[PDB]
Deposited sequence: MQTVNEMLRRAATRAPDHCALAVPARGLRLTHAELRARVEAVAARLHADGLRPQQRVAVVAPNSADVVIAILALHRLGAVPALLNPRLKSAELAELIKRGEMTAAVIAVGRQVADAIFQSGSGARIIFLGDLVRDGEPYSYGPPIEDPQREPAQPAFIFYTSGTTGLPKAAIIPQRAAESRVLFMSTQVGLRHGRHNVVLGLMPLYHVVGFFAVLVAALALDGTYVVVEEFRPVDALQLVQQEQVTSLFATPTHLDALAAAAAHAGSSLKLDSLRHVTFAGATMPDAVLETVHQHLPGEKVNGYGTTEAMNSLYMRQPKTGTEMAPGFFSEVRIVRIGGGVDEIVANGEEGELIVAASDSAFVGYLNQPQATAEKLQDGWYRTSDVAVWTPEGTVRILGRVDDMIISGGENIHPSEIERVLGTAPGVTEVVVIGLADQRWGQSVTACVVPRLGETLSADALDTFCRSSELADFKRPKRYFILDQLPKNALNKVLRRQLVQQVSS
């Protein structure tokens, strides 16, 4: 094995005086040497306050040099961090820590009350009581490196039917979760590496593939506390960013800035632009190609298994192929891992549960047994093999629509309607109905000020590429879609509100 801790420590010894963390806004830099000292010291101080290996500690913070120190220090201690989205509802967070049977929670958010008053046995730690603006608050004797087993829990990330599940990431999962950035994305070891921390740390990509990779390759992690497209493009040039991994939205922002930015603005050093673009619309992709530099690679992955597919220089966003570490198959929906589909027939994408795999969801054994089957991980996504020997992601099995014996993916239809003039957003659901089973229904929201009509949206679709049966049978023009705390559509529920 090489654990996270080990990866980062060996790095320290290879490049003590090279820059590890940079918060350019706060005019802060730490070398690898300096960043080890602060992990060490915080680690000791949390241990001095009585808090042992294998104990789960929650982390609720937005991206900052301070939380990076906090998380590493916990792992260095031996505590198993459970990283949580700070945009979750107070209620929700308080719940997951209660369920999580967690010894403490480091927070930088208040929402503190929602916890202190959750009835949870969870010692509430203010983040700024540990470290703040780099140098931390230290006492206790330098503690020892605890033994770590390959399958022992190491970190806990959250996914999402009901409340988000808690995926346990074993110690042995770190390496391939990092190195796929190198085998797939083309990063190599070296002090030239300057990685821009745009992806949140509470996400496996933001943590393993961005933070950890950047450090473990003896490079520099550039901290970003708040995303602004121009400021970011400025960081690239100013910081010598060599690679960045960004969400489809981030990219759209960046590509348009770069376009309305002539070359002002030398993005020369940017060599890799990486993204999980299964859901990236065709339009955005190509503004990314036209307007941003460096090699673009498209990746598909999951919290459970990390990276499963990719495309260098992608033409579309849906169509990818497995790289190093991965093994994949497409099996009949609801059926044995061994039931590979014909070719051209759609099915569930499933991927080998090797070393990068999680070990189960904390305290959800049915959930786990729904997902880890005979040493395979079940994506719950629907794919098909292209005659070109690649995998086309069609959409989530859960969102699939079954309309008189036929397979309809709301996402396809959402991508066409999304371009109809006048449409600010759309979700396509299957109304519990007839023709039969389910009738394809479009819920669309107009651009500020503007009118839509079902007639006009139908003619638009009629003029479009969609096969007969895919066309919506019905439209509801709404002035907003109900979403959860995480800007994401309450599908099951929208249905109640329209049927």
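Check your understanding: Going from the first residue of the deposited sequence to the last, where are the unmodelled runs?
Key -> Since the structure holds only modelled residues, the stretches it omits are 110 to 111, 163 to 164, 504.
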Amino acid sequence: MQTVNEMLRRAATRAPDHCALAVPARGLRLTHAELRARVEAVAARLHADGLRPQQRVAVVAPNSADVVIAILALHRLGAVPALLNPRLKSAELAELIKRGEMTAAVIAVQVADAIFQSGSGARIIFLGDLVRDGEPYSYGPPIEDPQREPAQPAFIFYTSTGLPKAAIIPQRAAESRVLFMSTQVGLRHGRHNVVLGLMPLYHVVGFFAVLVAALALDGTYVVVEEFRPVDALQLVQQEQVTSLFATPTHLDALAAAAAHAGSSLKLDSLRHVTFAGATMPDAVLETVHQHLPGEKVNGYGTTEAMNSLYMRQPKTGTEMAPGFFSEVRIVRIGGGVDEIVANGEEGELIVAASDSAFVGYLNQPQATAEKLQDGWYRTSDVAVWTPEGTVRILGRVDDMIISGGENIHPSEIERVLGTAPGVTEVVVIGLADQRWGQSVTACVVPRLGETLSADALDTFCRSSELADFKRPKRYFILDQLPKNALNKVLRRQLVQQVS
From here on, numbers count along this sequence of modelled residues.
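Practice item. Report the stretch with the higher mean CA temperature factor, choosing between 142 to 150 and 325 to 333 on the basis of the entry. Key: Taking the mean C-alpha B-factor of 142 to 150 and of 325 to 333, the larger value falls to 142 to 150.
Practice item. State which stretch shows the higher mean Cα B factor in the entry: 71 to 79 or 258 to 266. Key: Of 258 to 266 and 71 to 79, the stretch with the higher C-alpha B-factor average is 258 to 266.
**Study point:** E414, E295, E135, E348, ranked by C-alpha B-factor: the highest one
**Key:** That would be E135.
Point to revise | Top Cα B factor in the deposited entry, candidates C443, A454, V440, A432 | key: The record points to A432.
Point to revise | Lowest, middle or highest third - CA B-factor, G27 | key: Highest third of the chain for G27's C-alpha B-factor.
Exercise for review: Taking the values exactly as deposited, rank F180 by C-alpha B-factor within its chain and report the matching third: lowest, middle or highest.
Suggested key: Lowest third.
Exercise for review: Report the third (lowest, middle or highest) to which the CA temperature factor of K98 belongs, ranking only the modelled residues of the same chain.
Suggested key: For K98, whose C-alpha B-factor we compare with every modelled residue in the chain, the answer is the highest third.
Check your understanding: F245's Cα B-factor: lowest, middle or highest third of the chain?
Key -> Lowest third.
Review point. Lowest, middle or highest third: where is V39 by Cα B-factor in its chain?
Key: Middle third by C-alpha B-factor.
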